[PDB]
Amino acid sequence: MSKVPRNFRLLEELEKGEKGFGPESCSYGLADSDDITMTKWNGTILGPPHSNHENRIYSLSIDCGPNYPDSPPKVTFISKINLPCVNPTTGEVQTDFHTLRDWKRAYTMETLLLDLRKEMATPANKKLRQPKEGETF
């Protein structure tokens, strides 16, 4: 019926950050400030407290392809992390991760970053050993 196309959906996501809205714990913008297609995005997750992620930040690349948001983006950590849904040699978030596996058009990059941060904060994950800050995949 009434579908906002890819490019204007991406503009909506961009302008939400530019207006100061969004969660405190993660953020995202363009990886290339002059990418008119707005394919490659860059995200930041603040590590959850009381965990081996505390006071750490994680940088990620998010690739919003031509069928986004009907299809999920592709997500690759830049910052090295020990997290079961993150492939340990490529940093790619595995497609069986629930947000991607069950991706719905309503989901945004915000949804995805918040779900990743929640995954970091589970009892089983918060105690994993982490690599040195500054290491990248």
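Residue positions are given as counts along the sequence shown, with the first one as 1.
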item: Greater mean Cα temperature factor according to the PDB record, 76-84 or 28-36; value: 28-36
item: Mean temperature factor over C-alpha atoms, higher-scoring stretch between 15-23 and 109-117; value: 15-23
item: Of the residues 44, 61, 99, 67, the one carrying the largest Cα B-factor as recorded; value: 67
item: Cα B factor band for residue 50 (lowest, middle or highest third within the chain); value: highest
item: Residue 130 by Cα B-factor - lowest, middle or highest third of the modelled chain; value: lowest
